Amino acid sequence: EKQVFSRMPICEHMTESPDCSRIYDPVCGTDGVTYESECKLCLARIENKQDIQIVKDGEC
């Protein structure tokens, strides 16, 4: 099932945050593609407007 047992990726741009401090941190999305940083997963989620969740930490 995975799905419910996901991590919700944190999706905003805090005031107090410049870069996604090159936080290298891969995850596997519910879409089933790897994203290289939870931030970038969220960024993609926002740009595309999707309900991606982290299925698990690290690559697919």
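By the numbers in Swiss-Prot, the shown part of chain A spans 27-86.
According to its header, this structure was worked out by solution NMR.
Yeah, the Cβs are placed from backbone N, Cα and C, and that goes for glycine too.
Going by Swiss-Prot, these are the annotated features:
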{"type": "DISULFID", "residues": "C37-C68", "note": "disulfide bond"}
{"type": "DISULFID", "residues": "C46-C65", "note": "disulfide bond"}
{"type": "DISULFID", "residues": "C54-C86", "note": "disulfide bond"}
{"type": "DOMAIN", "residues": "31-86", "note": "domain 'Kazal-like'"}
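Features recorded in Swiss-Prot, as mapped to the structure shown.
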residue	record	Cβ neighbours (10 Å)
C37	disulfide bond	13
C46	disulfide bond	15
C54	disulfide bond	20
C65	disulfide bond	20
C68	disulfide bond	20
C86	disulfide bond	13
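Mapped onto three states, the DSSP output places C65 (disulfide bond) in helix. Counting only the Cα atoms, the space from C65 (disulfide bond) to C86 (disulfide bond) is about 17 angstrom.
Following the DSSP three-state reduction, the secondary structure of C46 (disulfide bond) is coil.
The helix, strand and coil residue counts that DSSP assigns across the domain 'Kazal-like' (31-86) are 11 helix, 10 strand, 35 coil.
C86 (disulfide bond) sits 21 Å from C37 (disulfide bond), taking the C-alpha atoms as the reference points.
Separating the Cα atoms of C54 (disulfide bond) and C68 (disulfide bond) is a whole-number distance of 12 Å.
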